[PDB]
Every structure is written in C-alpha cells, then in structure tokens.
There are 2 protein chains.
Amino acid sequence: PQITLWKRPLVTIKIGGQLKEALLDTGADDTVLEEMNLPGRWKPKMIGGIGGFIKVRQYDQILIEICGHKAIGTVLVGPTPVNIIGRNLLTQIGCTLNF
Amino acid sequence: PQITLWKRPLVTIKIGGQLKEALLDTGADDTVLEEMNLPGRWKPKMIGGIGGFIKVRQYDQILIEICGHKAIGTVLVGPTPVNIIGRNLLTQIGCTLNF
Ligand SMILES: CCOP(=O)(COc1ccc(C[C@H](NC(=O)O[C@H]2CO[C@H]3OCC[C@H]32)[C@H](O)CN(CC(C)C)S(=O)(=O)c2ccc3c(c2)OCO3)cc1)OCC
C-alpha cells in the first residue's frame, strides 16, 4: 500500500507465531523488537541511537510477515521502547520512499 | 524520486545557508541535527530515543531545503548520532512509504 507520514507508520507484523505492532523505519539499519522469548541460538549485540546504546540478542534467519508480505532476516531482541522494522527487512518487502 | 532502501537514505539538505547530509527517517517524529550554529531564538527541549533522553535546542519555523524541496518547521539541534529528517518535515515535502 501507500502509507502517509502524518501519523507514526505502524503496521501489524507476525513473528514467532505472534502478532505485534511495529514501526516501518527507514532510519533503522536493523530490525529491533520488544523483549520476546524466541527459540534458537543468538548472539549479544549493542545498538545505538539517540540517548546511547541498548543490549540486544541477535537472531538470524527469522521469518516476519509484514502486512501480508514475508521477509526473512536478522532480528534484534531487547528492551526497545517500540518494535522497529529496519531496512534489512523493508528491502525484502520492496518498500520505497517516494516524494 | 523513488528511493530504495538497500543503502541508508542519505540526502543533501540546505539549512542556515549551509549544505549538510541527513538521513530520511520515518521512525522519527522530529528532525534532529548534530551541533551547529543556527540563527534565531531557540528554547531548551528534551527528546527521547532508543537509548534514553537527550537535551536539544528547539528552533521553530526554520527554512530547510531537502533535495531541493522546501520545508519550514521545527529543527532540534543536539547530540544525535546522525542528522535525521523526521516526519514533521517529511510530510511537508510529500514523502510516503510504498510497498
Ligand atoms: C515509547 C517511546 O519511547 P521514547 O519516546 C523513544 O521511542 C522511540 C521511537 C522511535 C525510534 C526509532 C528511531 N527514531 C528516533 O530516535 O526518533 C527520535 C527523533 O523523533 C522522535 O520521535 C521518536 C523518537 C525520537 C529511529 O527511527 C531509528 N534509530 C536510528 C536513528 C539513526 C536515530 S534507532 O531506533 O536509534 C536504531 C534502530 C535500529 C538499529 C540502530 C538504531 O542501529 C542499528 O539498528 C526509537 C525510540 O523514549 C524512550 C527513552
């Protein structure tokens, strides 16, 4: 679809068998999701933005459905204030910015 | 234009008469620029990101040209990791997300 930016670009996603709301975020290189107990191995990582860094768990090859579009890639899990869909998955659903 | 997301969506902006590089960021409500000298009155403000809150200088009704599209709105200056164009100005230049 076409999403305008008058309001925060929040969409429904499906991950690990669960439905969540998440932000379509062109400023995020990576996808960062709220604390969740996902199965499988993971690696520690730190990611930074305004205000400094947070500690996250990096899971690879995770399937996410974003408004009915499927994507597979790295997902970071940690104490983020909002679920963020970053460029690593936005490219997979063919998301572009248009002005 | 149509901007894909395999690379960071960096664009040239003009503000206070000077050219800078900035990231088009749909997950930012507000536009935040690194420390710079800007003419005009400003007020102290606080803004929160993934890592917590920072102190910024809020400049109101500032002229900013984003890839040759004019916007006039609020610009926050402070210790952001990178210059970010947020929805407050993305909406003025007519930006949407499409997939
Ligand atoms: C419940 C609300 O809590 P909150 O208010 C804060 O919530 C938040 C809302 C949105 C976001 C998304 C973030 N936007 C932002 O910082 O926007 C601010 C300017 O406009 C305002 O509007 C929103 C916040 C204000 C950017 O889009 C993306 N970021 C990178 C940018 C270059 C900075 S990233 O998230 O740092 C990040 C993500 C994935 C990565 C990574 C870094 O590195 C590699 O992978 C963060 C927090 O306070 C809590 C203390």
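Just the heavy atoms: all of them, side chains too, but no hydrogens, waters or symmetry mates, feed the values below. Letters go in sequence order (proteins before strands), and every chain restarts at 1.
Contact between B/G49 and A/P81 at its shortest, heavy atoms only, is O-CG, 4.2 Å. Residues A/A71 and A/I93 approach most closely at CB-CG2, 4.4 Å, considering heavy atoms. Taking both residues in full, the closest heavy atoms of B/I54 and A/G51 are given as CG2-N, 3.7 Å, listed atom of the first, atom of the second, then distance. Taking both residues in full, the closest heavy atoms of B/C67 and B/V11 are given as SG-CB, 3.5 Å, listed atom of the first, atom of the second, then distance.
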Quick one, A/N88 with A/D30, criterion side chain to side chain donor-acceptor pair (under 3.5 Å). Give me CA distance, side-chain angles, the key distance, then yes/no. CA-CA 6 Å; A/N88 73 308; A/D30 307 316; 5.7 Å; no
Checking side chain to side chain contact (heavy atoms under 4.5 Å, CB included) for the pair A/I13/A/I85: CA distance, chi angles, key distance, verdict? CA-CA 9 Å; A/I13 63 171; A/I85 306 301; 4.2 Å; yes
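Counting only heavy atoms from C-beta outward, the side chains of B/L24 and B/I3 approach each other to under 4.5 Å. When side chains are defined from C-beta on, B/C95 does not count as touching A/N98, because their heavy atoms never get closer than 4.5 Å. A/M46 has its side chain within reach of A/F53: a pair of non-hydrogen atoms, C-beta onward, lies under 4.5 Å apart. In this structure the side chain of B/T74 reaches within 4.5 angstrom of the side chain of B/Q58, judged on heavy atoms. Put simply, the side chain of B/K20 reaches to within 4.5 Å of the side chain of B/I15, judged on heavy atoms. Residues A/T91 and A/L89 form no side-chain contact, since every pair of their non-hydrogen atoms from C-beta on lies 4.5 Å or further apart. Side-chain contact between B/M36 and B/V77: present, with at least one pair of heavy atoms (C-beta onward) separated by less than 4.5 Å. Contact annotation: the side chain of B/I50 approaches that of A/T80 to within less than 4.5 Å [non-hydrogen atoms, C-beta and beyond].
Both B/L10 and B/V32 are assigned to one and the same hydrophobic cluster, defined by single-linkage of ILVMFWY side chains at heavy-atom distances under 4.5 Å.
In this structure, the separation between CZ on B/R8 and CG on B/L5 is 12.5 Å, given to the nearest 0.5 Å. To the nearest 0.5 Å, atoms CD1 (A/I64) and CG (A/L33) are separated by 5.0 Å. Between B/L97 atom CG and A/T96 atom OG1 the span is 7.5 Å, to the nearest 0.5 Å. To the nearest 0.5 angstrom, B/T31 atom OG1 is 10.0 Å from B/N83 atom CG. Taking CD1 from A/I66 and CD from A/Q92, the interatomic distance works out to 8.0 Å, rounded to the nearest 0.5 Å. If you take CD1 on B/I62 and CG on B/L76, they are separated by 11.0 Å, rounding to the nearest 0.5 Å.
Ion pairing between a basic and an acidic side chain is recognised when a charged N comes within 4.0 Å of a carboxylate O; A/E35 and A/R57 show such pairing. By the 4.0 Å N-to-carboxylate-O rule, B/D25 lies too far from B/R87 to be salt-bridged with it.
Taking the six-membered ring where the residue is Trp, A/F99 and B/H69 present perpendicular rings, their angle passing 60° and hence far from 30°.
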